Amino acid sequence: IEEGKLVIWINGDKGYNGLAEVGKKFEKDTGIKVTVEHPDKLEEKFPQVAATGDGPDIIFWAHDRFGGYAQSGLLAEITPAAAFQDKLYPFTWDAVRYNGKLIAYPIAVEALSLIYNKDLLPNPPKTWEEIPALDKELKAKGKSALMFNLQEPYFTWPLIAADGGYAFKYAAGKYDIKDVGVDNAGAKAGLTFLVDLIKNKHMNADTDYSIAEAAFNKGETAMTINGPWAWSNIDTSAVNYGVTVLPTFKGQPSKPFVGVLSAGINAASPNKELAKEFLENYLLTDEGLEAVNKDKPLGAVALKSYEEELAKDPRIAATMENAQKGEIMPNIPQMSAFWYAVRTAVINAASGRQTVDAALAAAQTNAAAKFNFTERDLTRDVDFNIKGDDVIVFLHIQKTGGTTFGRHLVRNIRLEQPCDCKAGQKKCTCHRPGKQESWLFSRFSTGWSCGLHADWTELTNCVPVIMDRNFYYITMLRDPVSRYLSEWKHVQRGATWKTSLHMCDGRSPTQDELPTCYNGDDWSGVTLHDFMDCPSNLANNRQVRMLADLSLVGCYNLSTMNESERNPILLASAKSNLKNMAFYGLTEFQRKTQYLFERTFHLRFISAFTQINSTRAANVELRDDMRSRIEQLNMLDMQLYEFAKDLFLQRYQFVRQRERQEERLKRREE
C-alpha cells in the first residue's frame, strides 16, 4: 500500500464508475489519486492480503463481513465527530458497531424486492403459493413467471426465513453461535417450497445471477428478485418494471436479510486520515452519493439529507418495506460460516441430489461449526502386545512437544522390561523381552532411520522395510499459531532440519521444487516478518503436510496442480491419516494426552505428564493482525487442528465416561 494514494475495493455489482468520479473530484481538490478496483471475491481476498502489508486502503462490502475482519484486527476504528455521526441514521451505525467500536462507515441500506414486468403482469402475485398457477398461464404464452439467482443463499434466504428459519438466535444481548436455525420446521417448509417449484419445472436449479437477469431484461420472465443495484441494467434494457413487496409464504412476509453497504479502512493503511477525509467529506455528501447512485442505485442511503431527497422513489419505498419485513444481518465472524453452509445446502437440495431434511441438517452442523464422529472414531482399543510383533511408530512433527513426548515413551512407561536408557546417551534400547527386536520406532529408540523428522509419506513407505506386523502410528499436534511461532524462534536460533530427505514417489525434491529460504548455512536471526515472507517456508501448514499422503498432489512439485485442487486433497488426507492413527495427543492437553495414551494401549506411565504454560511461543507479544497473517499462512493447519481438537476432546469424554460407568458397575455388584 503506497502512502499519498488511495486504493478502494468495491464489488462489481456496485456503482464503481460513479465512485471513481468521486475519486476524481477528491484528486482535483487535493492532488491525491484515488484508484477504484472491483476484484473478484474481494471479500475473501481482503483477509488474505490485509493481514500482510497489502490490500486496499478502503474496502466496501455489506456489513455482515466486517465483524470477522475486525476480530482479526484488519480494520481501523473509525472516529467520526458527533456532528458527522448525526448526519447518518443511527440504525446504520449500529450495523457497523462491533464489540462496542465503530469499524466502518455505513453507506446504504439494501434489501431484496420483487421486480416485475408491467407489460406481462400488471398486478404481481401477493403470495408464493400462487406462483405455480401463474407460471402455467405464462408458459402457454412462451414465458415464465419467475427467475432469480438460486446459487447465492442471499436470494433464497427470504423464503427460507419466512416461516421460521433463522441464522443465529438473538438472546441476552448477543447472538448465540450454537443456536442455529437453518434446519427447523420453518426453514424446511421454505426450502421445500423452492425445491417443489423446481421439481414441477417452474424454475431451474441452474439459474444464477446472469441467467435470471438476462431473462428478465429480455422480457422472457415476468418477475425476478433482486436488489437496488440491478435497476440500472433494467432501465438500460428499457423494461417497463415495478418494484414491490416480496410475496408472502404461509401468510407470512418473506424476510430478507438486510445488508448495509459499508466502507472500512484497512488497519495497515498509511492513509487513514485521507481515507477518513474522502469518506466523510466527499462520498457521504449529497453529491458524492448522487454520483454513485446514478451509476448503480444504492437503495436507502445512510445520509439523512440525501435519503430524504430520494425517499419519494417508489422503488426505494418498496426496498424499505421489504427491509422492515426482514432482519438486519448480524455482523459476527460466524456469518461467513453460516452463508457457506446454506449456500451448499440450497444447491444440493435444489438439484434434487439430497433431500431438504438431509441438506439442511448438514448446513446446521456446518453453520454451528460442529463435528460428528462415529463410535468407531472415538474408540481406539489396542491390545498392545509388546511380546508379539506390534510396533509403535512415533511421527514427530517439529515443535509439537515431541521431545517431551518421545522422552515419556522411552523413560516413563511401566514395563516388565522397560527401555534401557544409559546415562549420558541420547537413544535408548527399547527391545521386546528376550529379543533384539525393537517395539518402538522413534528418534530416541531407533533414531531417524527413515530420515530426520520423517513424515507420514516417508514413514509409511520406509518403516515396514527397515524393520523386516501391526504398526501403530502416533503423533502430537499443537495449535498452529503457537507451533509456527515456536518454529520461527527455533529457526531464529539455528535450526534448519536441512538434512531431512523429504522423500516422495521415491525421490527428494529438486531445488526448483523446494527452494531454500535462506542464504548461507542457516536462517539464524530471522525476523518474524522475513520468516513469514518466504513462499517455500516448510513451517507453513507443517502439520497437514507431514500427515498427508503427498503423492496425492504430485509430491513437492507445485506445478502439477492448482492450489484450489491441492489444498482440499492435503487437508482431507491429513484428517483421514490422523483419524485412523492408533492415537494422538495435543500439546495443550498434557494430562488428557497421558490418560488417552494409557487407555488406548493399556499401559501406565511412572510419573504424571505436566503442563508447561510458559513456552517460548507464549512469550511472543502478538498483534491481532499478525496473528491473523499467521493463521492465513497456516490455514490448512488451522482447519486440521479444529478437527483434531474436537475429536481428541470427544475421545477423552467418551473414554472417561465409559471408565466411570465400569467402576460404578463393579461397585453395584459389591
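So that there is no doubt, residue numbering starts at 1 and follows the sequence shown.
Practice task
Answer with none, 1 to 3, 4 to 9, or 10 or more: how many deposited residues between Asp468 and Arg469 are not present in the coordinates.
Solution key: Missing in between: 4 to 9 residues.
Handout entry: Mean C-alpha B-factor comparison - 403-411 and 306-314, higher one
Key = It is 306-314.
Problem - Residue range whose averaged C-alpha B-factor is higher in the record, 438-446 or 416-424 - result: Comparing averages over the C-alpha atoms only gives 416-424.
Handout entry: Among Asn217, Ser254, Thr600, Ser559 - the residue whose C-alpha B-factor is largest in the record
Key = Largest recorded C-alpha B-factor: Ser559.
Problem - Top residue by Cα temperature factor, when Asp295, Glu129, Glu110, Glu287 are compared in the entry - result: Highest C-alpha B-factor among the listed options: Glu287.
Handout entry: Among modelled residues of the same chain, the CA temperature factor third for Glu327
Key = Tercile = highest for this residue's CA B-factor.
Exercise for the section: State the tercile, meaning the lowest, middle or highest third, of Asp135 with respect to the CA B-factors recorded for its chain. Expected result: For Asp135, whose C-alpha B-factor we compare with every modelled residue in the chain, the answer is the highest third.
Exercise for the section: Among all modelled residues of this chain, ranked by Cα B factor, put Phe148 in the bottom, middle or top third, i.e. lowest, middle or highest. Expected result: Lowest third of the chain for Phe148's C-alpha B-factor.
Problem - Third of the chain, ranked by Cα B-factor, where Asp94 sits - result: Highest third of the chain for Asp94's C-alpha B-factor.
Handout entry: Within-chain third of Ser269 by Cα B-factor, per the entry
Key = Its C-alpha B-factor, which the entry lists for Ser269, ranks in the highest third among residues of this chain.
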